[PDB]
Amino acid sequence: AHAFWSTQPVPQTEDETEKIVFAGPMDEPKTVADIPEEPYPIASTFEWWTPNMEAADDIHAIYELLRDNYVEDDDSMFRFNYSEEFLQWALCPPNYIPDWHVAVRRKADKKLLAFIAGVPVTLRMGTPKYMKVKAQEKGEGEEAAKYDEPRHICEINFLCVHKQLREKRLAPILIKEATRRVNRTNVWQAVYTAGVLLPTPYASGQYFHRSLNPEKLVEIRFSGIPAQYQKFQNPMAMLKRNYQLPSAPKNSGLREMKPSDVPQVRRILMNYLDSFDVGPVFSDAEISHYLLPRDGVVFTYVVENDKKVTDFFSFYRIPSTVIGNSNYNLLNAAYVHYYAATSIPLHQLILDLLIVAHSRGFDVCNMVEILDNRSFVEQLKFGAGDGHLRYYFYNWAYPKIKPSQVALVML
């Protein structure tokens, strides 16, 4: 059962979501006035704390908690080690609400014990295309389009309870207090992703990995020698040959994005994301925030020829602590972010992505099969991983969609 999730306004089973035909709210319509003004109760030995995610030392504290206690792969070989600069970037986009950053500490000694973060996002989340066609067949076009306008909602990420405090029903409390603070801002939906199955995803995608430094990955046990590489005299030399990349990008006029590219990159990205059922809508301020280059955090390259931006790609860095190997401290992973191609095939664009990432010392390039990411898997030699990313809404009925109809990248 789900003692917590059964009480929440989300579809409860796969069967329920097979049935949903229109996008819309699950819950009782409510007002800010209905929502408690005071934080949710918690044990006297704890307190709620709102870190200042633009203060270096508050960023450091959250950084430590995540470094030591956040997501691990299924065999606890790797643990995400999001950097402090990455955390300030992800948690402080334009018009972020400091209150949506919710921490728990031990009252006595201010020991940091748990965290959960909300940030705003304007998301297109109306009835997906395939369901609108059915709606129109049935004369229900109006019901189907009702919630088509981009909504100002909450994106939740970074939920983390300290390893000492697991299975004490703390996470429900964080979710409740997060829900309260968001409702008090008059926001009633949230979108979240997780690598675990909860009630109930609207989309689910596999993870894909493209080795950049195969000898290191094999050492740290990220990959391993496919027993078909045992056919060969020298498995390692063949593996390096298979994954070798150009040492310089191949598209003429590739360069890093600059501030004056903002409007053009906004246009081409928004034209592209508009073709997906679920996807974010970005102002210029959000385009500069989420895509302008930031050392060690986000890297974005544009194709410009005849000074017109016709193509761009972006990736962001999340290192992972290598928990089982002491020879290497870190796995240096690059994560495919947003992109758009109008002048060249997408595999040709993302090949440059791989070249840059390799060139900058990244060990592997990861992504989920959202967007048009499947369109370059084979030719660029990405392999499916163990993981799946599951997409969820809070308080929003949504029909099942393919991951290739999801245009929202989560950090």
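The first residue of the sequence shown is number 1, and the count goes up from there. Between two forms, the rigid core is the largest collection of C-alphas that superpose within 1.5 Å.
Which stretch is more displaced from the shown form in 9 other deposited structures of this protein, 66 to 74 or 346 to 354, with RMS over structures and residues of Cα positions after a rigid core fit?
Between 66 to 74 and 346 to 354, greater C-alpha deviation in 9 other deposited structures of this protein belongs to 66 to 74.
Would you say which of 224 to 232 and 291 to 299 moves more relative to the shown form in 9 other deposited structures of this protein, going by RMS C-alpha distance with the core superposed?
After superposing on the rigid core, the more displaced stretch in 9 other deposited structures of this protein is 224 to 232.
17 to 25 versus 394 to 402 - greater average Cα B-factor per the deposited record
Here the higher of the two C-alpha B-factor means belongs to 17 to 25.
Take the C-alpha B-factors listed in the entry for 153 to 161 and for 210 to 218, compute each mean, and give the stretch with the larger one.
Comparing 153 to 161 with 210 to 218, the higher average CA B-factor belongs to 210 to 218.
Just the C-alpha B-factor column, please: which of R180, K240, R317, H289 has the biggest number?
Most elevated C-alpha B-factor of the set, per the entry: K240.
Using only the C-alpha B-factors in the record, can you name which of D277, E72, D261, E140 has the highest?
In this record, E140 carries the highest C-alpha B-factor of the candidates.
Is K250 in the lowest, middle or highest third of its chain when residues are ranked by C-alpha B-factor?
It falls in the top third of the chain.
Position of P293 among the chain's modelled residues by C-alpha B-factor, lowest, middle or highest third
For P293, whose C-alpha B-factor we compare with every modelled residue in the chain, the answer is the lowest third.
Ordered by C-alpha B-factor within the chain, which third holds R67? Give me lowest, middle or highest, please.
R67: CA B-factor falls in the lowest third of its chain.
Please rank the C-alpha B-factors of the chain's modelled residues and tell me whether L371 sits in the lowest, middle or highest third.
According to the entry, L371 has a C-alpha B-factor in the chain's lowest third.
Please place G118 in the lowest, middle or highest third of its chain by C-alpha B factor as given in the entry.
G118: CA B-factor falls in the lowest third of its chain.
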